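As C-alpha cells, the structure follows; a few thoughts come after it.
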Amino acid sequence: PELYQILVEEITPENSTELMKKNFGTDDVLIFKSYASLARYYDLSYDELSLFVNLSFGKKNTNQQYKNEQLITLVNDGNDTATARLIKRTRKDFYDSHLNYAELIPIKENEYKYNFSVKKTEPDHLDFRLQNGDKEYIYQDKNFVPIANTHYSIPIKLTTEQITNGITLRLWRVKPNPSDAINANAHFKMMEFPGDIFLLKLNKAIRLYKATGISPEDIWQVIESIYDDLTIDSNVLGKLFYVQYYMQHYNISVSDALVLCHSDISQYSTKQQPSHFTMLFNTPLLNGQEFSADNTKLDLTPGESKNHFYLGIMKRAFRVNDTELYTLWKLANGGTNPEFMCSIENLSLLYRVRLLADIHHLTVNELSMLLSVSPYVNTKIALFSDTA
Amino acid sequence: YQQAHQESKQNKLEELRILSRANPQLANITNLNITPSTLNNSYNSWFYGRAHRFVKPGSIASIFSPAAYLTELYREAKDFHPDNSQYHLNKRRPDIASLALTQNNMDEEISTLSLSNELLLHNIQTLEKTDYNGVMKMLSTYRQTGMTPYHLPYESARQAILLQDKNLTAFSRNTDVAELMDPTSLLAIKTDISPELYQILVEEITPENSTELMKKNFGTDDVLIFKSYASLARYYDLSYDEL
Amino acid sequence: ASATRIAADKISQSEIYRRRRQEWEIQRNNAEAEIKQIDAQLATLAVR
Amino acid sequence: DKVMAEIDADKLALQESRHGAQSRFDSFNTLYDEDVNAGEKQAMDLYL
Amino acid sequence: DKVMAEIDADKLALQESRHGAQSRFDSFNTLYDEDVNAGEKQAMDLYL
Amino acid sequence: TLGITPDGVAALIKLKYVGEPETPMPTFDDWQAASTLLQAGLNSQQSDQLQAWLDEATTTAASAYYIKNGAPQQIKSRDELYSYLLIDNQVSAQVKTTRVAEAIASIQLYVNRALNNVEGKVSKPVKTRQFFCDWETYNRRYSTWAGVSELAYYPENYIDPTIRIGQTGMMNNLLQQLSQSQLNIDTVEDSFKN
Amino acid sequence: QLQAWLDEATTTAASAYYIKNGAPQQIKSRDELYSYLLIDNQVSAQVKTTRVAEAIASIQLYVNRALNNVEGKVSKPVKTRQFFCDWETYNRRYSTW
Amino acid sequence: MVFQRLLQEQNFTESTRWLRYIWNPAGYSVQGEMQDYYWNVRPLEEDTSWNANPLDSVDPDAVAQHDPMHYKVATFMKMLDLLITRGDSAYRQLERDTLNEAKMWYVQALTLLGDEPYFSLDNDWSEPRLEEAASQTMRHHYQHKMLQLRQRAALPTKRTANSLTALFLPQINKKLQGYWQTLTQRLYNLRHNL
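One line per chain: the protein sequences are A, B, C, D, E, F, G and H, in this order. Just so you know, we're using the working numbering here: the first sequence kicks off at 148 and counts up by one. Just so you know, we're using the working numbering here: the second sequence kicks off at 2 and counts up by one. Just so you know, we're using the working numbering here: the third sequence kicks off at 1000 and counts up by one. Just so you know, we're using the working numbering here: the fourth sequence kicks off at 1088 and counts up by one. Just so you know, we're using the working numbering here: the fifth sequence kicks off at 1088 and counts up by one. Just so you know, we're using the working numbering here: the sixth sequence kicks off at 1317 and counts up by one. Just so you know, we're using the working numbering here: the seventh sequence kicks off at 575 and counts up by one. Just so you know, we're using the working numbering here: the eighth sequence kicks off at 4 and counts up by one.
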C-alpha cells in the first residue's frame, strides 16, 4: 500500500523538492553519484541498471552512446538544476538493412550531432540527404558517399518542439540519375526533466520493475499506450495487471499480451533480441527485401490489390488467406472496409483480431460466426476503449 | 636486427609488468603485497587510460579475442601478394578488410552459405551494377552456362507446392480441375524445368536457325567449343559414366 | 639404476592401488543407483 | 484375493533384491573408505 | 487415477536408472580422458 | 491443400507453359506474385526448409554465373572458387558460423595456400616472419594462439609446482621420493632431509 | 510454507533497514552485514542449526576474519597465544578440538 | 612441490603447513612477536628478477622468474585451490555440522579474494574496421610510444587525438574469475539446501 502511494503520486516541479525528501532524505540530486550506488540502493545488476540509466560518461572510447536504444544527458549550468535529457531511439524502416547504427546526440541547446554507420556502401549515389518525414531536408550533401562501417558525424540543428515530439530522421542516399534512391530512417524523441523529478520518476520506475518483474520498455509501452509525458497512474497499473494476467492466463508472450491490451506491435529491438515487429514480419525476409510500415493504401478485398509483397507479408505474419485476411479486417470495423493504410496502427488491430481467434482456440471464421451471434455483431473494434 | 628484436622484447616485458600490476582482480585482495609498477601513471598518460580499462572475457574488445587473432592474422597475411595481384586479399575479398569488429560479428550465429551467397550475389550485383532483383531477372534468362537459367520465383513456387502437395495427390483426386492443369506444367512442378529452360527445350532447330540458336545458347559459333570430355562434363556438371 | 628401478616399482604399486580405489568407486555408485532403482520399483509396486 | 497375494509375493522378491543391493553398497563403501590397507602402506614404506 | 500414478512411479524408477548410467559414463569418460596418470608417467620416466 | 484461395489456384493455372494463343507469356513479376502467394501459405517449419533449399539452389546458380563471367580465368570449378573466394559454396544451409570466425577461416586457408605456394607469386621474405615461423605450432588456429598469448600475460595459469623447464636432479629426486599415495609427516620430513 | 516465505521476506526488509539506519558506516551490503553480525541473512528458511552451534560458527568466523586482519585493529599479541598457534590444525573446528 | 603433492593426496593439514612456509595471510611469528611481512620468501618481497631474456621460449616459469609477482599470484591461487577443496571435502559429507565447515572455508576464500571487479570493467569499444585495427602505422606508433615511455620523454604536452583508438584492451584472466564464480555458486548452493 505504501509502495502504491509511491507509484501513484503525481510529481510537479512545485511538489518535487518535498517528494524527494519523502522518498530519499535530502535534496541535491547528487545522492548516488555512481552506477554502483544506484545498483546497491535498489539491488540491481549492471544489465538491469543499463535498462534504465545510460549517462553521458565514457563518451571518448565509443562511437555508440545509446544503450538499450536510450541515452540520458544531464546538462549542468541550467540555473544549478542539472536537468536531464532522455532521448529514445525507436528504429523505424530500413534500419537493419542499410546501416549499423544511427544516433542523435545533443551537443547544446538547439544543436545536435547525427552519428551513423552505413552498412553496405553505395558508390553510384553521391547525394546524401537527411529529412524528417517528408517535411524538410535538414542536412543535405551533394557529392558525398558514406563508405561502409565508418562512423560519421554530422552537426544538425533541431528545435525543441521537433524533438520533444516524435521526430523521424530520414537518411537518403539518392543518385542524380532519376533511378533508385535508397532510404533508411530512424525515430527519435527526447524528454527533458529537472534532476529532482527525474530521480523520482526513476525511483518509481525501478520500484515497478522490482515489484512486477516486467520489462522497462514493456512498462514504457503500457504508459505510452494510455498517456503521454510519463504519468504512472492507476490505469497503468490496471493495464499492467491485464498484460501479466493475459501472459499467464493464456500461454502468450509479452508483446503478444501487449497487443491484446491496446498497445501496438513494438518496433523496439535490442542487440539481445529482435523486435516483435521484425519477429512477426521480417525474420524470414520474404523476397530478400523487407517490410516497412509505410502509410500505403491497399485494398484488402481478395482480388483488387495486386500489391503482392505487403499482402503476402500480412498473410504470412497473420497465418491467413486472402479471404481470411479480408474478413479479419471486416471484423475490426464492424463488417466494413473503410481504407487500409498499412500503418502500424492498422497492422496492430489486424493482429488483435487474429489473437482473439488464436488465444481462444477459434478459427477466424469460427470467430466470425461467434461474433455474428454475440452482442458484438457489427461493433467496431477499431473504436474501442481499453475497457471495451 | 638484433637490436630491434631486443627493443621489442623489452617493450613487451615492460607492458607486461605494467599491466599485470594494474589488474583489478588483484586490488581488493588481502596481504598480497603488490606495489604498482611506478610506470602505471606514465602508462595511463601515454596510452589514454589504457591500464584503467580492463575487459571481461568473451568480449570483442579483449586482446585475447578472436577479433584480435583475426587482426594479427590480417596484419601478417596481407603481405604475401602485391596489391596489384588478383590473389591479394583486398582484391579477392574486399569485404574482409572492411569487417566491423563489433560484438555481434563475434557472437551472432548465422549460417555459412548465407555469407557465401551474399558474397557471390554482391559481386554479380557489382559487376552488373544493378539491384538484387535485376540479378535474379537476368539469371532467370541466362542460357550461356550450364546449371542456368535459374528462375528463383519459379523455384520458390515449385518447392512450396512440393512442401504442400508432395506426390501431386491433388492432381490424382480432383480430376475436373486436373483437366485444366497442363501435363508439361505438372512436369515443371514435379521436376526442375524453368520457363527459360522450357524455351530451350521446346524450340525447333533448322539448318537455317542453327547458327543463331548456337549464339543464344552458347556464345560463339564454331563447333569446337568444348574440345574434350572434361570440358563437356565440367560445363554441365556431369560424371564420366553420365557423359 | 637398481634404486630407480625399485622407485619405479614403488610408484607403479601406488598407482595400481589408486586405480583399484577408483574401480571401487565405480562399483559403489552402481550399487547406490541400483538400490535407489529397487526402492522406486517398490514404490510402483505399492501403487499397483 | 489371489491377485493381491501375488502383489505381496512380488513385493517380497523386490525386497530381497534390495537386500543384495544394500550388501554390495555397504561392502564397496567400506572398501572405498580405506584407501590402502595396513599392509599396503607397510609395503609402500618398505619400497621407499 | 491409480493407473496414472503407477506410470509416474515407473518414470521415477527409470530416471534413477538414468542417474546411474550417467555416473558410469562420467566416471569412465574422465578415466579415458587421462591416458596415464602423473605417477604412471613418472614410473615410465624411471624405467627409461 | 495448397494453403491458398481458389483465385490463387486460378493464378497458378494462368502460369501454364503451353496454352491457347493470344494469351501473353507470364512475366517475372507474375512468377514472383505466384511465389509469394504460395509462400505465404506455409507454416514456419516449411518456410525454413524452403529457405534452406533456396540457398542451396541459388549457390549453384550464382557460383556458375560467377565462374563463367566475372572471375579470374584460372577458376574453372566450384572447388577452385572455394580456393579463391575462401568461403565454401558447397556447404549445406545447416552449417552455421559467425562472421569473424568465417573471416578467420578465410585468412587461415589463404595462409595455408600461400605457405605451400599454391598461389600465384608469394612474397618469399614474408614467409619467414616470426608469426609464420610460429604458424605450424601456435598461430595456425585460434586456441593455440590464445594459449600462447595468455601464457605471456598470465603465466600463473600454466605453472605447476611438479614439473619445470630446468629443474635440477635433486628436485626430480625429491619428486620421485614423494610420489606415493601415502604421505605422512615423517615420510615428507625424511624426503626433505634427503 | 507461508512462514518460510515470510522469514525470507522479513530478512531482506530488516537487513536493508539495519544497513541504512543503525549500523557502522562501513557496512554497505548484506554480505558486509554477514561479515559484521556474524550470522548469514541470505540463508533460506530450510537450513537449521542449534543456538550454540550458531554461536560457534559466529566466533569462528570472527577469528578467521581477525587472524587475516580483515578487521579494524586486531591486537597482534593476542594472535600468538597457544590457542591460536594451534588454531589451524586443531582449534578451527569442534571435532579436532 | 611438497604442497601440491600433499593436495593431490588430500593430506590437508600438512598441505596448509607447507603453504605457510611461503605465504601466510595471518603473518609470521618470530621470537614470539608478529612480524611485518607476509611472504616467507625474500625474492617475493623484493621483486628480484631471476631471469633476463625470458621470452626466448614459451615458458611460464621463465616469465614468472623475470618478475616473481607471478609466483606470488600462483601461490595465492594455490591457496584458493586448497580452500575450495577443503570446502568441497566438507560439503560432500552432507552433515549440517560439516555444512558449516564448508561454508566457513568458502567464506574464508571469498574474504581472501575480496570484491569481484564488476562495475570497474569497461563494456566499451569503439568498433573499428578490420583494416583500421590491423594498421601497421598504428602498431609502429604503439611501439614508438612504448619506447618513448621507457625513456620518460618529458610528456610532450602537445594535445593530440587518440591515434591508438582501435587497440585491443587488457583482459582479466579466466582462472581468478572462475574462482569467483565457483565460490558464489557454492555459497548459493549452501544458502539453500542444494
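All C-beta atoms, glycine included, are put in the ideal place defined by N, C-alpha and C.
What residues of chain C sit near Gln1492(F), judged by a beta carbon separation below 8 Å? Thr1003, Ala1006 and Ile1010
Note down, in chain order, every chain E residue with its Cβ under 7 Å from the Cβ of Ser1495(F). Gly1126 and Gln1129
Looking at the secondary structure, which residues open and close the alpha helix (DSSP H) in which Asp343(A) lies? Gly342 to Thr359
Taking the alpha-carbon positions, what's the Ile593(G) to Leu611(G) distance? 11 Å
Do the region 159 to 178 of chain H and the region 139 to 147 of chain H touch if we need at least three Cβ pairs shorter than 8 Å? yes
Tell me the DSSP secondary structure of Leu530(A) in three-state form. helix
For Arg187(A), report the span of its alpha helix (DSSP H) as first-last. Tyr182 to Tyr189
How big is the Cα-Cα spacing for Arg1111(E) and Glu1033(C)? 12 Å
With DSSP as the reference, label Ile303(A) as helix, strand or coil. strand
Is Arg162(H) helix, strand or coil when you go by DSSP? coil
Please name the residues in the region 1111 to 1126 of chain D whose beta-carbon is closer than 8 Å to at least one beta-carbon of chain F, in chain order. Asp1122 and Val1123
Do the region 1357 to 1369 of chain F and the region 153 to 171 of chain B meet, that is, are 3 or more Cβ pairs less than 8 Å apart? yes
How many Å lie between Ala137(H) and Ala5(B) at the Cα? 21 Å
Where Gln211(A) sits in the DSSP three-state scheme: coil
Mind pulling the chain B residues with CB within less than 7 Å of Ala1419(F)? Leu71, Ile97 and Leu100
Identify every residue that forms a DSSP beta bridge with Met1131(D). Paired residues: none, contrary to the question.
Could you have a look at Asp288(A) and say whether DSSP puts it in helix, strand or coil? strand
Determine, using beta carbons only, whether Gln575(G) comes closer than 8 Å to chain H. no
Residues in the region 34 to 45 of chain H with C-beta within 9 Å of chain B's C-beta atoms, listed in sequence order? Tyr40, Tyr41 and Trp42
For the beta strand (DSSP E) that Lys260(A) lies in, which residues bound it at each end? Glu258 to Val265
What is the residue span of the alpha helix (DSSP H) that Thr164(A) lies within? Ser163 to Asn170
Return no unless some Cβ of chain A is closer than 8 Å to the Cβ of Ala1356(F). yes
As assigned by DSSP and simplified to three states, the class of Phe335(A): strand
Give the residues of chain G in contact with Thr19(H), contact being defined as C-beta atoms less than 7 Å apart. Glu662
Can you find a CB in chain G that lies within less than 8 Å of the CB of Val76(H)? no
On the CB-based measure, 16 or more other CB atoms within 10 Å of its CB, does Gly459(A) come out buried or exposed? buried
Using a Cβ-Cβ cut-off of less than 7 Å, list which residues of the region 1013 to 1032 of chain C approach chain F; keep chain order. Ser1013, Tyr1016 and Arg1017
What residues match up with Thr168(H) in a beta bridge as DSSP calls it? Answer is none; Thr168(H) lacks a bridge partner.
Reduced DSSP secondary structure (H/G/I, E/B, other) of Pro67(B): helix
Using a Cβ cut-off of 7 Å, which residues of the region 105 to 133 of chain H contact any Cβ in chain A, in chain order? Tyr121, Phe122, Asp127, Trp128, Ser129, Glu130 and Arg132
Closer than 8 Å at the beta carbon, the chain F residues around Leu9(H): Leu1499 and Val1504
Give every residue of the same chain whose Cβ lies closer than 8 Å to the Cβ of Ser163(A), excluding the five residues on either side of it in the sequence, and list them in chain order. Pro341, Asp343, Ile344 and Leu347
I'd like to know if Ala137(H) contacts chain F, where contact means its C-beta is closer than 8 Å to some C-beta of that chain. no
List the whole-angstrom C-beta distance separating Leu1044(C) from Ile1094(D), where the pair is believed to meet the contact cut-off of C-beta under 8 Å. 7 Å
Of the residues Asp1008(C), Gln1036(C) and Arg1019(C), the one placed nearest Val1123(D), counting alpha carbons only: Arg1019(C)
Cβ-Cβ separation, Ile87(H) to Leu186(H) (assumed contact under 8 Å), whole Å: 7 Å
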